[PDB]
Amino acid sequence: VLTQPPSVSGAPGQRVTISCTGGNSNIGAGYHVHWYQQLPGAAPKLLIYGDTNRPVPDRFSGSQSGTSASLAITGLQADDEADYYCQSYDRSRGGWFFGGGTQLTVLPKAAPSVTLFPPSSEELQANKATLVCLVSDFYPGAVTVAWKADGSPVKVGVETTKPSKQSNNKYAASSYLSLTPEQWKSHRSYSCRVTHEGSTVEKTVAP
Amino acid sequence: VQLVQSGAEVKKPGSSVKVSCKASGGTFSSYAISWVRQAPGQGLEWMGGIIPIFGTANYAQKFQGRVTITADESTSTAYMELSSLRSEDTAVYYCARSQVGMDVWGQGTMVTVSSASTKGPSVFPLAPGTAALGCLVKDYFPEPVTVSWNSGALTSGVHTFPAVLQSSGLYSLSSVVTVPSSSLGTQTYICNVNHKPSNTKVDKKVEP
């Protein structure tokens, strides 16, 4: 019911404005617009209520005009990167409904740090082998991961995660290569390559 | 004030789940209690609400006919029961107090609707001017697991990465910590993994 920009971005110290538009049955006709902040992996918190009142630093503010509302964040901080949801009471549907949400990102490029762990001795004794390629501290989120055993691309047994957000506003990710002990011992080296903005970091382990 | 919710649950498609939401101080009844779900990667979805003292409930049209919101002013506990579960209902359900705007939210209860079965993890040690050691929490289901180091005494250099849903349907996670190399001989590093869905807890020592 309420439309929100999918994402907004700004550098530290800038003023950002997130919009929330509806019709005459919700934002129009008087019904107030609440604004909630959800940090990565947490429950929402009440930022603004009643269009302009705070429970919340003074940096956050809200305004309402016609069938639109806007949340202004002045002096953007790293702690502000988060999902912002506008909520309003729809009179036709009769209920409090949220918006799509806006992912506020606080912006400098950064190449990844990669760490490759070979299979554990216990894991090999458990008839299992798992190589672990951990990537951390890279911005933006985009990242590619490829595996090679003795230079030949390995494509079966690869499980990689989508770039998640760190607590430092950067990104991290992880990739896993599953093998049987005999497969791991039958090659002389395995390697993971992490590509990011044209720069690739390649790590290698050997039995 | 604090709103505490029941533990995460695994249910099969078609069954019914009931999440609780108890108060820890306040006039729980004179306020309203809203129930809001959030699926992985999606936004919030207002499921419904209830004013306990009066006993009056409201349900969004979407979940109408399937969701039952009840409240006890004596125990000061709200309940949200969802029946005829589906794979799409898999989500985190929050309860939020609001005077009758939600200002007090709960921790959220993860409800996973899948025909799979709960399983505990296998915790393997990842052995190493900076060394890096860690723990691999493999082959567990469902989310989430929690990882600490030295029972919480070690937080410097800790990074617990997101899990990955392997092709086997089981998740696998890693948590690493970077430490001085010289301390590897003297200090002891132990990762404490806890998977409450399967009620498993393992303290695994990472040795060079």
# chains A, B, ... in the order shown; residues from 1 in each chain; ligands from 1
call {"tool": "select_by_dssp", "arguments": {"residues": "chain A", "states": "strand (DSSP E)", "output": "mmCIF file with C-alpha atoms, in the first residue's frame"}}
result
data_model
loop_
_atom_site.group_PDB
_atom_site.id
_atom_site.type_symbol
_atom_site.label_atom_id
_atom_site.label_comp_id
_atom_site.auth_asym_id
_atom_site.auth_seq_id
_atom_site.Cartn_x
_atom_site.Cartn_y
_atom_site.Cartn_z
ATOM 1 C CA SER A 7 17.521 1.872 -1.566
ATOM 2 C CA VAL A 8 19.115 5.208 -0.692
ATOM 3 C CA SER A 9 22.792 5.957 -0.112
ATOM 4 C CA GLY A 10 24.935 8.808 1.146
ATOM 5 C CA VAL A 16 19.345 11.661 3.408
ATOM 6 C CA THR A 17 15.593 11.690 2.765
ATOM 7 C CA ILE A 18 13.468 8.531 2.519
ATOM 8 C CA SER A 19 9.996 8.923 1.020
ATOM 9 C CA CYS A 20 6.737 7.071 1.656
ATOM 10 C CA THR A 21 3.781 7.735 -0.651
ATOM 11 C CA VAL A 33 2.969 7.810 9.407
ATOM 12 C CA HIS A 34 5.325 5.912 11.707
ATOM 13 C CA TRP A 35 8.957 5.151 10.851
ATOM 14 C CA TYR A 36 10.831 2.089 12.142
ATOM 15 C CA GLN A 37 14.551 1.273 11.972
ATOM 16 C CA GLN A 38 15.749 -2.337 11.670
ATOM 17 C CA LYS A 45 12.667 -0.057 16.690
ATOM 18 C CA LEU A 46 10.371 2.965 16.708
ATOM 19 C CA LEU A 47 12.194 5.969 15.217
ATOM 20 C CA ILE A 48 9.402 8.430 14.381
ATOM 21 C CA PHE A 60 16.178 11.803 12.730
ATOM 22 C CA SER A 61 13.095 13.802 11.771
ATOM 23 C CA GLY A 62 9.838 13.302 9.913
ATOM 24 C CA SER A 63 7.477 15.387 7.812
ATOM 25 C CA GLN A 64 4.117 14.853 6.118
ATOM 26 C CA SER A 65 2.550 16.700 3.183
ATOM 27 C CA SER A 68 3.466 11.733 1.128
ATOM 28 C CA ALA A 69 5.754 11.467 4.138
ATOM 29 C CA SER A 70 9.514 11.785 4.419
ATOM 30 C CA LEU A 71 12.128 10.804 6.995
ATOM 31 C CA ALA A 72 15.235 13.007 7.102
ATOM 32 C CA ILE A 73 18.536 11.807 8.577
ATOM 33 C CA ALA A 82 19.671 -0.153 8.113
ATOM 34 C CA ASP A 83 16.194 -0.953 6.822
ATOM 35 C CA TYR A 84 13.609 1.804 7.285
ATOM 36 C CA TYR A 85 9.899 0.966 7.203
ATOM 37 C CA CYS A 86 7.009 3.423 7.044
ATOM 38 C CA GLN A 87 3.739 2.254 8.611
ATOM 39 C CA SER A 88 0.287 3.770 8.203
ATOM 40 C CA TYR A 89 -3.355 2.911 8.843
ATOM 41 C CA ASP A 90 -5.283 2.129 5.661
ATOM 42 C CA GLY A 95 -5.493 -2.010 9.241
ATOM 43 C CA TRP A 96 -1.951 -0.887 9.923
ATOM 44 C CA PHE A 97 0.229 -1.745 6.921
ATOM 45 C CA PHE A 98 3.958 -1.282 6.338
ATOM 46 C CA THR A 102 14.270 1.306 2.231
ATOM 47 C CA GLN A 103 17.819 -0.001 2.688
ATOM 48 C CA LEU A 104 19.879 3.005 3.790
ATOM 49 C CA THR A 105 23.564 2.430 2.988
ATOM 50 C CA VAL A 106 26.374 4.608 4.373
ATOM 51 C CA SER A 113 40.651 -10.437 2.743
ATOM 52 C CA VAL A 114 40.520 -14.195 2.113
ATOM 53 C CA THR A 115 41.329 -17.089 4.454
ATOM 54 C CA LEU A 116 41.345 -20.728 3.314
ATOM 55 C CA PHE A 117 41.054 -23.580 5.843
ATOM 56 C CA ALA A 129 36.310 -33.187 3.873
ATOM 57 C CA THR A 130 35.397 -29.501 3.668
ATOM 58 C CA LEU A 131 37.572 -26.654 2.430
ATOM 59 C CA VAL A 132 36.432 -23.285 3.790
ATOM 60 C CA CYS A 133 37.123 -20.011 1.936
ATOM 61 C CA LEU A 134 36.156 -17.032 4.118
ATOM 62 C CA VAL A 135 36.004 -13.527 2.624
ATOM 63 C CA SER A 136 35.770 -10.394 4.750
ATOM 64 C CA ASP A 137 36.081 -6.608 4.656
ATOM 65 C CA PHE A 138 35.145 -5.822 1.059
ATOM 66 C CA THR A 144 32.549 -13.916 -7.283
ATOM 67 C CA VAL A 145 34.019 -17.150 -5.907
ATOM 68 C CA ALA A 146 35.560 -19.933 -7.992
ATOM 69 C CA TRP A 147 37.264 -23.189 -7.018
ATOM 70 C CA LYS A 148 40.127 -24.977 -8.765
ATOM 71 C CA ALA A 149 41.789 -28.323 -8.018
ATOM 72 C CA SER A 152 40.931 -27.514 -13.165
ATOM 73 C CA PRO A 153 37.712 -25.664 -12.226
ATOM 74 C CA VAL A 154 35.715 -27.573 -9.634
ATOM 75 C CA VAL A 158 30.535 -25.780 -4.108
ATOM 76 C CA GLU A 159 28.238 -23.885 -1.736
ATOM 77 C CA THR A 160 28.648 -20.106 -1.471
ATOM 78 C CA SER A 164 26.084 -10.160 3.894
ATOM 79 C CA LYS A 165 26.675 -6.933 5.801
ATOM 80 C CA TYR A 171 30.667 -7.126 3.561
ATOM 81 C CA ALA A 172 31.634 -10.727 4.283
ATOM 82 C CA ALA A 173 30.918 -14.095 2.685
ATOM 83 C CA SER A 174 31.875 -17.761 2.817
ATOM 84 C CA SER A 175 32.321 -20.630 0.368
ATOM 85 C CA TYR A 176 32.629 -24.362 1.019
ATOM 86 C CA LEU A 177 34.013 -27.185 -1.125
ATOM 87 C CA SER A 178 32.797 -30.632 -0.038
ATOM 88 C CA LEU A 179 34.995 -33.635 -0.824
ATOM 89 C CA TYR A 190 43.019 -26.757 -4.052
ATOM 90 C CA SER A 191 42.434 -23.030 -4.391
ATOM 91 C CA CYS A 192 39.654 -20.470 -4.078
ATOM 92 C CA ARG A 193 39.615 -17.255 -6.119
ATOM 93 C CA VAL A 194 37.578 -14.280 -4.885
ATOM 94 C CA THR A 195 36.973 -11.677 -7.598
ATOM 95 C CA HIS A 196 35.846 -8.178 -6.620
ATOM 96 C CA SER A 199 40.759 -7.642 -8.484
ATOM 97 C CA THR A 200 41.027 -11.326 -7.555
ATOM 98 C CA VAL A 201 42.565 -12.810 -4.404
ATOM 99 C CA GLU A 202 43.541 -16.475 -4.729
ATOM 100 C CA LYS A 203 44.386 -18.754 -1.797
ATOM 101 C CA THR A 204 45.786 -22.282 -2.035
ATOM 102 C CA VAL A 205 46.108 -25.291 0.276
#
call {"tool": "closest_atom_pairs", "arguments": {"of": "chain B", "to": "chain A", "cutoff": "8 Å", "atoms": "only C-alpha atoms", "output": "JSON lines"}}
result
{"residue": "B:43", "atom": "CA", "partner": "A:100", "partner_atom": "CA", "distance": 6.3}
{"residue": "B:44", "atom": "CA", "partner": "A:98", "partner_atom": "CA", "distance": 6.6}
{"residue": "B:45", "atom": "CA", "partner": "A:98", "partner_atom": "CA", "distance": 6.8}
{"residue": "B:46", "atom": "CA", "partner": "A:97", "partner_atom": "CA", "distance": 6.0}
{"residue": "B:60", "atom": "CA", "partner": "A:95", "partner_atom": "CA", "distance": 6.5}
{"residue": "B:61", "atom": "CA", "partner": "A:93", "partner_atom": "CA", "distance": 7.9}
{"residue": "B:94", "atom": "CA", "partner": "A:43", "partner_atom": "CA", "distance": 7.8}
{"residue": "B:101", "atom": "CA", "partner": "A:49", "partner_atom": "CA", "distance": 6.6}
{"residue": "B:102", "atom": "CA", "partner": "A:46", "partner_atom": "CA", "distance": 6.7}
{"residue": "B:103", "atom": "CA", "partner": "A:46", "partner_atom": "CA", "distance": 5.5}
{"residue": "B:104", "atom": "CA", "partner": "A:45", "partner_atom": "CA", "distance": 7.7}
{"residue": "B:105", "atom": "CA", "partner": "A:43", "partner_atom": "CA", "distance": 6.8}
{"residue": "B:106", "atom": "CA", "partner": "A:43", "partner_atom": "CA", "distance": 7.2}
{"residue": "B:107", "atom": "CA", "partner": "A:43", "partner_atom": "CA", "distance": 6.4}
{"residue": "B:108", "atom": "CA", "partner": "A:43", "partner_atom": "CA", "distance": 7.2}
{"residue": "B:124", "atom": "CA", "partner": "A:123", "partner_atom": "CA", "distance": 6.7}
{"residue": "B:125", "atom": "CA", "partner": "A:120", "partner_atom": "CA", "distance": 6.7}
{"residue": "B:126", "atom": "CA", "partner": "A:117", "partner_atom": "CA", "distance": 6.4}
{"residue": "B:127", "atom": "CA", "partner": "A:120", "partner_atom": "CA", "distance": 7.9}
{"residue": "B:161", "atom": "CA", "partner": "A:173", "partner_atom": "CA", "distance": 6.6}
{"residue": "B:162", "atom": "CA", "partner": "A:173", "partner_atom": "CA", "distance": 7.1}
{"residue": "B:163", "atom": "CA", "partner": "A:161", "partner_atom": "CA", "distance": 7.3}
{"residue": "B:164", "atom": "CA", "partner": "A:161", "partner_atom": "CA", "distance": 5.7}
{"residue": "B:165", "atom": "CA", "partner": "A:159", "partner_atom": "CA", "distance": 7.6}
{"residue": "B:166", "atom": "CA", "partner": "A:159", "partner_atom": "CA", "distance": 6.0}
{"residue": "B:167", "atom": "CA", "partner": "A:159", "partner_atom": "CA", "distance": 7.7}
call {"tool": "write_last_selection", "arguments": {"atoms": "N, CA, C and O atoms", "output": "compact mmCIF listing (two decimals), in the first residue's frame"}}
result
# COMPACT_ATOMS: atom_id res chain seq x y z
N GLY B 43 10.13 -7.88 3.89
CA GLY B 43 9.85 -6.87 4.88
C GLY B 43 8.83 -7.34 5.89
O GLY B 43 8.40 -8.50 5.90
N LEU B 44 8.43 -6.42 6.76
CA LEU B 44 7.46 -6.74 7.79
C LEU B 44 6.06 -6.86 7.19
O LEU B 44 5.72 -6.20 6.21
N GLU B 45 5.25 -7.74 7.79
CA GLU B 45 3.87 -7.96 7.38
C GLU B 45 2.99 -7.96 8.62
O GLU B 45 3.06 -8.88 9.44
N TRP B 46 2.17 -6.92 8.77
CA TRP B 46 1.27 -6.85 9.92
C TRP B 46 0.26 -7.98 9.83
O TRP B 46 -0.64 -7.97 8.98
N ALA B 60 -5.49 -8.93 9.85
CA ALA B 60 -5.38 -8.51 8.46
C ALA B 60 -6.12 -9.49 7.56
O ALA B 60 -6.22 -10.68 7.86
N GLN B 61 -6.65 -8.98 6.45
CA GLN B 61 -7.44 -9.82 5.56
C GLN B 61 -6.63 -11.00 5.04
O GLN B 61 -7.20 -12.06 4.74
N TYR B 94 7.20 -11.64 15.32
CA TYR B 94 7.40 -10.73 16.43
C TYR B 94 6.06 -10.33 17.03
O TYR B 94 5.05 -10.23 16.32
N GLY B 101 1.09 3.03 17.53
CA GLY B 101 2.54 2.98 17.38
C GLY B 101 3.18 1.95 18.30
O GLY B 101 2.97 1.97 19.51
N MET B 102 3.96 1.05 17.70
CA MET B 102 4.59 -0.04 18.44
C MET B 102 5.98 0.39 18.91
O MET B 102 6.87 0.64 18.09
N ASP B 103 6.16 0.45 20.23
CA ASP B 103 7.39 0.92 20.84
C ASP B 103 8.18 -0.17 21.56
O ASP B 103 9.36 0.03 21.83
N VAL B 104 7.55 -1.30 21.86
CA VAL B 104 8.19 -2.40 22.57
C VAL B 104 8.02 -3.66 21.71
O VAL B 104 6.93 -4.23 21.67
N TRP B 105 9.08 -4.08 21.05
CA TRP B 105 9.06 -5.29 20.25
C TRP B 105 9.68 -6.46 21.01
O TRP B 105 10.44 -6.27 21.97
N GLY B 106 9.35 -7.67 20.56
CA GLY B 106 9.92 -8.87 21.14
C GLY B 106 11.17 -9.31 20.40
O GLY B 106 11.61 -8.69 19.43
N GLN B 107 11.75 -10.41 20.87
CA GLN B 107 12.96 -10.93 20.24
C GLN B 107 12.67 -11.65 18.93
O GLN B 107 13.58 -11.81 18.11
N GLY B 108 11.43 -12.09 18.72
CA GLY B 108 11.07 -12.81 17.52
C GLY B 108 11.21 -14.31 17.68
O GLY B 108 12.17 -14.79 18.30
N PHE B 124 33.77 -28.95 13.95
CA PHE B 124 35.16 -29.30 13.70
C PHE B 124 36.07 -28.10 13.96
O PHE B 124 35.66 -26.95 13.76
N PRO B 125 37.31 -28.33 14.40
CA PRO B 125 38.22 -27.21 14.65
C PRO B 125 39.04 -26.85 13.43
O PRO B 125 39.61 -27.74 12.77
N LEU B 126 39.13 -25.56 13.11
CA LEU B 126 39.97 -25.06 12.03
C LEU B 126 41.24 -24.52 12.67
O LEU B 126 41.24 -23.43 13.25
N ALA B 127 42.32 -25.29 12.57
CA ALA B 127 43.57 -24.96 13.23
C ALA B 127 44.39 -24.00 12.39
O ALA B 127 44.32 -24.01 11.15
N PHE B 161 30.42 -15.84 10.39
CA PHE B 161 29.89 -15.63 9.06
C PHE B 161 28.48 -16.20 8.92
O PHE B 161 28.05 -17.04 9.72
N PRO B 162 27.73 -15.77 7.91
CA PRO B 162 26.40 -16.34 7.69
C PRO B 162 26.48 -17.79 7.24
O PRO B 162 27.49 -18.23 6.67
N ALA B 163 25.41 -18.53 7.51
CA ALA B 163 25.36 -19.93 7.13
C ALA B 163 25.10 -20.08 5.63
O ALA B 163 24.76 -19.12 4.93
N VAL B 164 25.25 -21.31 5.14
CA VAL B 164 24.98 -21.65 3.75
C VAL B 164 24.13 -22.92 3.74
O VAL B 164 24.46 -23.89 4.42
N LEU B 165 23.04 -22.89 2.98
CA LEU B 165 22.17 -24.07 2.85
C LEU B 165 22.80 -24.99 1.81
O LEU B 165 22.65 -24.78 0.60
N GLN B 166 23.51 -26.01 2.28
CA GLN B 166 24.14 -26.98 1.39
C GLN B 166 23.09 -27.71 0.55
O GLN B 166 21.89 -27.66 0.83
N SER B 167 23.57 -28.37 -0.50
CA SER B 167 22.67 -29.13 -1.37
C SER B 167 21.98 -30.27 -0.62
O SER B 167 20.97 -30.79 -1.10
call {"tool": "atom_distance", "arguments": {"atom1": "CA of residue 58 in chain B", "atom2": "CA of residue 80 in chain B"}}
result
11.8 Å
call {"tool": "atom_distance", "arguments": {"atom1": "CA of residue 180 in chain B", "atom2": "CA of residue 193 in chain B"}}
result
22.9 Å
call {"tool": "atom_distance", "arguments": {"atom1": "CA of residue 158 in chain B", "atom2": "CA of residue 177 in chain B"}}
result
4.4 Å
call {"tool": "closest_residue", "arguments": {"among": "B:109, B:30, B:18, B:85", "to": "residue 69 in chain B", "atoms": "only C-alpha atoms"}}
result
B:18
call {"tool": "decode", "arguments": {"residues": "range 5-85 of chain B", "atoms": "C-alpha atoms", "output": "compact mmCIF listing (two decimals), in the first residue's frame"}}
result
# COMPACT_ATOMS: atom_id res chain seq x y z
CA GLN B 5 8.60 -14.95 23.19
CA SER B 6 8.65 -18.73 22.91
CA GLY B 7 11.50 -20.64 21.31
CA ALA B 8 12.07 -21.36 17.65
CA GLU B 9 10.06 -24.25 16.23
CA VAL B 10 10.07 -26.66 13.30
CA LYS B 11 6.70 -27.74 11.91
CA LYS B 12 5.60 -29.74 8.90
CA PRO B 13 3.31 -28.36 6.17
CA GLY B 14 -0.29 -28.46 7.36
CA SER B 15 0.36 -28.57 11.12
CA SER B 16 -0.33 -25.74 13.58
CA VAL B 17 2.04 -23.65 15.68
CA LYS B 18 1.38 -21.38 18.66
CA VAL B 19 3.82 -18.60 19.59
CA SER B 20 3.64 -16.91 23.00
CA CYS B 21 4.46 -13.38 24.13
CA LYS B 22 4.73 -12.75 27.88
CA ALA B 23 5.32 -9.42 29.60
CA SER B 24 8.01 -8.63 32.17
CA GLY B 25 6.44 -5.57 33.80
CA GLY B 26 3.63 -3.15 32.97
CA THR B 27 -0.12 -3.03 32.46
CA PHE B 28 0.06 -5.62 29.68
CA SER B 29 -3.73 -5.66 29.36
CA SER B 30 -4.45 -1.95 28.88
CA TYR B 31 -2.04 -1.93 25.92
CA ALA B 32 -2.45 -3.60 22.53
CA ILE B 33 -0.33 -6.50 21.26
CA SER B 34 0.37 -6.72 17.52
CA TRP B 35 1.74 -9.77 15.72
CA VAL B 36 3.97 -9.12 12.70
CA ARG B 37 5.81 -11.71 10.61
CA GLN B 38 8.93 -11.27 8.48
CA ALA B 39 10.11 -13.84 5.96
CA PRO B 40 13.82 -14.23 5.09
CA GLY B 41 14.74 -11.32 2.85
CA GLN B 42 11.23 -9.81 2.93
CA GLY B 43 9.85 -6.87 4.88
CA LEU B 44 7.46 -6.74 7.79
CA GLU B 45 3.87 -7.96 7.38
CA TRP B 46 1.27 -6.85 9.92
CA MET B 47 -0.55 -10.08 10.73
CA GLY B 48 -2.88 -8.78 13.41
CA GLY B 49 -3.41 -7.49 16.92
CA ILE B 50 -5.44 -7.76 20.09
CA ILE B 51 -6.37 -5.67 23.13
CA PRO B 52 -6.38 -8.18 26.05
CA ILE B 53 -8.28 -6.34 28.80
CA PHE B 54 -11.26 -6.14 26.44
CA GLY B 55 -10.40 -9.38 24.66
CA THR B 56 -10.86 -7.88 21.19
CA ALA B 57 -8.79 -9.06 18.22
CA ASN B 58 -8.18 -7.75 14.71
CA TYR B 59 -6.73 -9.71 11.79
CA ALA B 60 -5.38 -8.51 8.46
CA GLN B 61 -7.44 -9.82 5.56
CA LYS B 62 -4.48 -11.88 4.33
CA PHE B 63 -4.14 -14.20 7.33
CA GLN B 64 -7.85 -14.11 8.23
CA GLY B 65 -9.34 -17.56 8.77
CA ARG B 66 -5.96 -19.09 9.66
CA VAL B 67 -4.56 -16.98 12.53
CA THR B 68 -5.97 -16.80 16.06
CA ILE B 69 -4.69 -14.09 18.41
CA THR B 70 -5.62 -14.54 22.08
CA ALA B 71 -4.52 -12.86 25.29
CA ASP B 72 -4.39 -13.56 29.03
CA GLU B 73 -4.43 -10.54 31.33
CA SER B 74 -3.76 -12.78 34.34
CA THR B 75 -0.54 -14.29 32.96
CA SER B 76 -0.10 -11.14 30.82
CA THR B 77 0.66 -13.39 27.84
CA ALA B 78 -0.52 -13.07 24.25
CA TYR B 79 -0.68 -16.05 21.90
CA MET B 80 -0.70 -16.27 18.10
CA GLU B 81 -1.75 -19.64 16.66
CA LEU B 82 -1.23 -20.27 12.94
CA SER B 83 -2.91 -23.34 11.44
CA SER B 84 -2.57 -25.12 8.10
CA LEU B 85 1.09 -24.17 7.86
